[PDB]
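Please read the structure below before turning to the comments.
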Amino acid sequence: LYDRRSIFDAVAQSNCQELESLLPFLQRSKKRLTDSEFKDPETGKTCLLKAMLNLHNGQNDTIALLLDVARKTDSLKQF
């Protein structure tokens, strides 16, 4: 299982492992990386955007994984 907080922390430290079980989670719950619940309720920030702020050496592959997940559910464009 994953809440907003869980992923945002993973992203903060460029961890591509804690997101191993990610894709299969919102396959079961059919939740979308774009759901109301996966954004900050007052800014509209998403994990991809958290990743965009949490750069280390202009790099983050949580991005590459995060995008990849969004196409597999094709949240892709709006994500």
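Read-outs: derived from the displayed coordinates by stated rules, not from any lab. Note that we place each Cβ from the backbone using ideal geometry, even for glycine, and neighbour counts take in every protein chain shown.
When the trypsin sites (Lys or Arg not before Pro) in the chain are filtered for DSSP coil states and for at most 12 other beta-carbon atoms within 10 Å of their beta-carbon, the remaining sites are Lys30, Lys77.
Spacing of the modelled spin labels on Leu49 and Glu20, each 7 Å from Cα toward Cβ, amounts to 3.1 nm.
By the gyration tensor of its Cα atoms, with a ≥ b ≥ c the square roots of the eigenvalues, what is the shape of the range 23-79: rounded for a/c under 1.5, prolate for a/b over b/c, or oblate? Oblate shape, in that a/c is at least 1.5 and b/c is the bigger or equal ratio. May I ask you to list the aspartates and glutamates whose Cα is less than 12 Å away from that of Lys50, ignoring any residue fewer than eight positions away on the same chain? The qualifying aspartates and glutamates are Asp9, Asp40. Taking label positions 7 Å along the Cα-Cβ direction at both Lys31 and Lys77, the computed distance is 2.6 nm, reported to one decimal.
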